[PDB]
Amino acid sequence: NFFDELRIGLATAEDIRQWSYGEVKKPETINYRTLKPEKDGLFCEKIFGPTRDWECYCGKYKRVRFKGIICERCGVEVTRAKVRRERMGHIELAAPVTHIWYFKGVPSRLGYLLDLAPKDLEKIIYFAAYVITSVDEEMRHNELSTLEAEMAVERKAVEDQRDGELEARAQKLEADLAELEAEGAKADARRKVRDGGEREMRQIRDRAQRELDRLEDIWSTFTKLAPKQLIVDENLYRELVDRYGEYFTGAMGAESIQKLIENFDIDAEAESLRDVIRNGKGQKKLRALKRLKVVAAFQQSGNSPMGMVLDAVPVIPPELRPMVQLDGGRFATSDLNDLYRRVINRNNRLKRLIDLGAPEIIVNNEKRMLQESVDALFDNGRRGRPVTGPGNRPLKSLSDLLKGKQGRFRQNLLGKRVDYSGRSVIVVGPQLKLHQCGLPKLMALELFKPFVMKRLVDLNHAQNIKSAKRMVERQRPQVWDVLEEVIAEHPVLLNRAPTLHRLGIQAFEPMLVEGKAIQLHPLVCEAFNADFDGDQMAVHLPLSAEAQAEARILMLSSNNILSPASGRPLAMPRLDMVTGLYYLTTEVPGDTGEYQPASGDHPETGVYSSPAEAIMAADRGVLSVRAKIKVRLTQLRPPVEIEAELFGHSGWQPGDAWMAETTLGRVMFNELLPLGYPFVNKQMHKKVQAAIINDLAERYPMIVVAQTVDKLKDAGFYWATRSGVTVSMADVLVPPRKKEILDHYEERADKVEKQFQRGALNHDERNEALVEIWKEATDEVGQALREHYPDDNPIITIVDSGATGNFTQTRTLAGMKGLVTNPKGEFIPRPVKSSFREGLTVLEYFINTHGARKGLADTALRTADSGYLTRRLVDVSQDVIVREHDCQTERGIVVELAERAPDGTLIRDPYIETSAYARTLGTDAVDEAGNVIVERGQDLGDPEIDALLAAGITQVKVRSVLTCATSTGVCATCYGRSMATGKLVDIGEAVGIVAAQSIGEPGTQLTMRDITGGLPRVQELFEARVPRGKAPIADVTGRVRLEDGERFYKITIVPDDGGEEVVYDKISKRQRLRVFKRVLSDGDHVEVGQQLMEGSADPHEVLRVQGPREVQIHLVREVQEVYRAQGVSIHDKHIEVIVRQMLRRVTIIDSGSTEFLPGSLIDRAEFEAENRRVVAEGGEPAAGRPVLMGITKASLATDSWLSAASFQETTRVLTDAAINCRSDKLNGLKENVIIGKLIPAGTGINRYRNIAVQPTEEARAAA
DNA sequence: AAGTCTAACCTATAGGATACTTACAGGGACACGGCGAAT
RNA sequence: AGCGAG
DNA sequence: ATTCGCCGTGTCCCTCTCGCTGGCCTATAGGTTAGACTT
Ligand SMILES: [Zn+2]
Ligand SMILES: [Zn+2]
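As structure tokens, then:
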């Protein structure tokens, strides 16, 4: 494999016949009976190749020795049967045809190149109007006079005819008058002939005038006749040609367009376009820019446009165009055969017709047929009507195999079915270890079949590979002995679709299990989002030693305890385990065997010599595992204070002793944590366990953390059972004051309803009043309920301990359901007053159904919206790979980090764990000329945050991805800590995909609540769409004058400088202005960019008026606000990576002198390089401006056409790449994935991919 | 058993003469085109 | 065309 | 009436993944091809 470039471009007919191994003539596929491809047919062996390996049509050649020889009678080259898959055919068109893509795709590249228009082009090519290929006008000055004489002569003849007609009409009128006056009749009767003669002469002179005007019109057109015009009125074309056919050439159809392109200079058109843009303006300027792009695509490159009009069409080989019998031997081909056959039929008929010689009408018709058929072949449905086979189904065309999901790109390149794989339903495997997963032997046998045969053949269980195959297929007993051996230390990847985030795929060590279900360690469930209710999961087998190393090291379950999103652990006790630990470690005052300071009657009688004595006592009904006792701990480090006081500085604690007023349950728990962890002595509410595991991961090695979570799972499962947390109707206690307060609130509801009946307020007013009153009612009922429940209740125990569920669910269970959403989104003002325990009545259930159904449908659609957003984010930010240890730059954003309180205090800012942690300092922290507290270029973790807060400093400068000064991808330090590892990132981590996936996975959790505020808001922000309500923002400092205009608000910002008074008047009075320390108090000195009105701010205007730093900060701020409304913790640095990928192009206004379009987007790096280059050898430095692109446009406007082709708009991307003759460099993750070579991320980078290993000198010595 | 030697079969071409004349979502975005002031 | 998991 | 600047309307590519089940009529010359004897 030696790949470097895919330089797609226009394929001229010469190349088409160059590829072709032959030329299919007739539309004959397969013989009726012998089932053999015909000669010169669409499958002919001589053209494509032999359908059977080592054979030929007549069959006189069958041996392999004379390979590569073509027979005599039938002329079939003796090669492999598979060579048909590659050799390609072609067909010669009698008349040229136009490629559908360039002609019809909007904007019409053909029209832009030839200055013509879409409907006009449709008319000329499809034989509806004529076009002039060229005309030579230079020798027309004398010809002007000569033809003037000729036309004067014919006009004299026309006048002769006209006066003859007039004289004849006059004679007829005289005769009619003589005949009428010769007989007596009505006066009107005898003057009717006079009227008729008058009308007849009138219409005669009218016709003469009209034809004279037509002659004069065609004369004027001839005076100013030029090429590139549509001659509608075929009769006029016939007149023009049969009178002056010579010296000017006209044509119709694709041949006419080809002639027009031939007699045309690209350089002249390019120079004209340059001149117009040099002196143009307005929409004329924009059209000039677009057409200049189209033409300069050809001009700058060596690809001429003559390849757009096709003389020969290629034929995809046969095996990509199957023809196979099936079912009852019924042949079942594909649709391309019909399209190709139609093209062939049209072509043969056209050839014959031209040969025989037919009137231009029929040949034009046949050419039109061939044109529309080639269009359907290349792209069905793009023009005319979708050619529909039987059943009115649009036949698949060659283009269709690209677009959409079913196309090649998204279906068989970016994801493929794989061998050595399987799937099954999953079940909880609590006896498993974290790094283990079960495997039903009926599946492991089939997966490892390749291996078991080897290990048994070499064990002589069989005597050859085939015999071993028999043993496996027979499932003979010995296999289960060898299988159990060939499976050990052989990881397998467990996957669960959808693979929302990076943790979806995890490598486990498999162990044999009986049954039919993949046993899954429960801890990893949260990583997979799996719940054992019928979930199916897939097992994949990594074969190669490199792959097995990747499975063991990179992807093993125990090596991945922290979510890449924000570092929150995922393999931590959850749900059942949380309840078990909460029961184990809580402290109930009054349980059996308390520690009492008794005197006189007896000593304390609460102390215990060792936890051994404690467990022995607790085995009998003497002590409870949640009672306060004074134990003598001798194997656990005490808390910080006890150790620091008793032992002073360095008191080791594997063999010492100390008193602890704890609960035996807590001692049991703390024995689970490592030997070094200080005794915690608390109640393990879920947040506490999260903190414990996070501390362990940050400080302790990974193996210790994995073992600790394993033991925590064990203890939690063991103790949740004895916790007796069960649900029963006696354990769901209704509040006692329900009826009275409900009656009082209903009385208030009746009062407001009476007010409505008197017209005191409108129906919306009373609806709002009822909704608000009943919301107060729900608040009161919930408060009373939470008051009533004692902590020992199973439901409140489950909820309070953080095992699962929110409290509002318990309010519904025993309380009232509250308001119920009307399907539009409003609130049904009844509202439900019956608790699910008490049993809803019929109408209340029917009302609740609205909310349930709308929730389900919203989830169904939002899942797809989230998936699409994830795909777009992944495509924008795939190239962002950490590929340098250090920028060594000096820039970097700042962080608020606990700003001072108004009274004076370092109240911690709410957002630190998602915007301050895991960064590298761009500066050194000094307080009031104090000592340097923390040094530059060091990882910033929680101890440094506590140090900073203690110091008295809040503003901090931190290195960030936004200010990364690297060329290709971000550098390590500018990125900072990696969440999953907890250390500084490697120099191969594909952090872009991590950012995209961690930003996308929270999706399907943000419910929409006019300016959007849910997932669609995040979509708008990333896509950079203009917001709905454009709240105007200030442009300059100074006091502001505000007036409540007629249905709007007028605002004038006094510019501090001599700026123009920015005045805004067209604002809906409904929207309220921004509020601040006042609702834009008249005269406020809002800054040059403060949002004046309260609403949404366009990122484009913010960038324009404040700069890239501010727009980056604003985008990250808004996206974080949207994600945090639902309490999701995601570090910005992912969002900053996305924003960085959005802001990497600059729009230019000065052409410089190096092939730059004013207003074309170009990446910053090449922009600066071009500016530096052009500064040398004639200084015209192009001055550009930053632009904020949308994610989709950023994905499309890339340097590689493969990624853009596979992303979306495949036809447009391919046409553009063909015209520009672009060349992919195969330097992207997605690309190398398609062509199946190592991705330049992780282990595929040159540094790690080229490691060389040989044993050390001492190792060679030991041999 | 291919190499003749014998005897069919099958199919692209062609040919026959009343009369008959017009089938049968939605959203965003951009590009192709209405309405108005200026020269 | 129907269905399971999210 | 053309220029330039606005609006206005029409036509088109995109919105998650992974499983499973079933359901006319000849006439003729030339190409082509069946079977059989053999040394
Ligand atoms: Zn042959
Ligand atoms: Zn950097």
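Read in order, the letters of the first sequence are residues 5 to 1013, 1023 to 1090, 1097 to 1282 in PDB author numbering.
Cβ atoms here follow ideal geometry from the backbone N, Cα and C, with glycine treated the same way.
- Taking C-alpha positions only, residue 1124 is separated from residue 1053 by approximately 18 Å.
- In this structure, the beta-carbon distance from residue 609 to residue 602 falls below 9 Å.
- Proximity annotation: ligand 1 has residues 60, 61, 62, 63, 64, 65, 75, 76, 77, 78 and 80 in chain order, each selected because its CB is closer than 7 Å to a heavy atom of the ligand.
- Taking a contact as a CB-CB distance under 8 Å, the pair residue 775 and residue 833 counts as one, their CB atoms being some 6 Å apart.
- For residue 515, the enclosing beta strand (DSSP E) begins and ends at 509-517.
- If you draw a straight line from the Cα of residue 351 to the Cα of residue 128, it is about 20 Å long.
- With contacts defined by Cβ atoms closer than 9 Å, residue 433 and residue 525 form a contacting pair.
- Counting along the chain, residue 491 sits inside no alpha helix (DSSP H), nor does DSSP assign it H or E at all.
- When rounded, the separation of the alpha-carbon atoms in residue 1242 and residue 905 is 58 Å.
- Relative to ligand 2, the beta carbon of residue 773 is positioned no closer than 8 Å to any heavy atom.
- Put simply, of 1217, 1025 and 1035 the residue whose alpha carbon is nearest the alpha carbon of residue 1000 is 1035.
- Under the DSSP assignment, residue 774 falls in the alpha helix (DSSP H) whose first and last residues are 767-792.
- Contiguous beta strand (DSSP E) elements confined to the stretch 319-370 occur at 327-330 and 334-337, taking only those with 3 or more residues.
- The stretch 567-583 makes contact with the stretch 1140-1155, as at least three CB pairs between them are under 8 Å.
- When the five nearest sequence neighbours on each side are left out, no beta carbon in the same chain lies closer than 8 Å to the beta carbon of residue 1273.
- An exposed status is given to residue 1059, since fewer than 16 other beta-carbon atoms sit within 10 Å of its beta-carbon.
- Residue state for residue 442 is assigned as strand, using DSSP reduced to three classes.
- Counting C-beta atoms within 10 angstroms of its own C-beta, residue 130 has 16 or more neighbours from the protein chains shown and is therefore classed as buried.
- Per DSSP, reduced to three states, the secondary structure at residue 252 is strand.
- With the rule of 3 Cβ pairs closer than 8 Å, the stretch 590-598 does not count as touching the stretch 526-536.
- When distances are taken from the beta-carbon of residue 894 to the heavy atoms of ligand 2, even the shortest one reaches 8 Å or more.
- Straight through space, the alpha carbons of residue 292 and residue 112 are spaced by roughly 14 Å.
- For ligand 2, a non-hydrogen atom lies closer than 8 Å to the CB of residue 963.
- With a threshold of 8 Å, the Cβ atom of residue 888 counts as near ligand 2, since some heavy atom of the ligand is closer than that.
- Judged by DSSP in its simplified three-state form, residue 706 adopts helix.
- About 17 Å separates the beta carbon of residue 1027 from that of residue 877, a gap too long to meet the 8 Å contact definition.
- A direct Cα-Cα distance of roughly 16 Å separates residue 830 from residue 821.
- Under the rule that a run must span 3 or more residues, the beta strand (DSSP E) segments found entirely inside the stretch 780-865 read 822-825 and 831-836.
- For residue 922, the Cβ stays outside the 8 Å cut-off from all heavy atoms of ligand 2.
- Annotated as proximal: residue 1088 and residue 1113, with beta-carbon spacing under 9 Å.
- Taking each of 67, 107, 141 and 358 in turn and checking the Cα distance to residue 125, the smallest one comes out for 107.
- Taking C-beta atoms under 8 Å as the contact rule, residue 96 and residue 27 qualify, at a distance of about 6 Å.
- In this structure, the CA atom of residue 484 is about 19 Å from the CA atom of residue 440.
- Here DSSP, grouped into helix, strand and coil, assigns residue 544 to strand.
- Between the C-alpha atoms of residue 86 and residue 337 there is a straight-line separation of about 18 Å.
- Residue environment for residue 1267: exposed (fewer than 16 other C-beta atoms within 10 angstroms of its C-beta).
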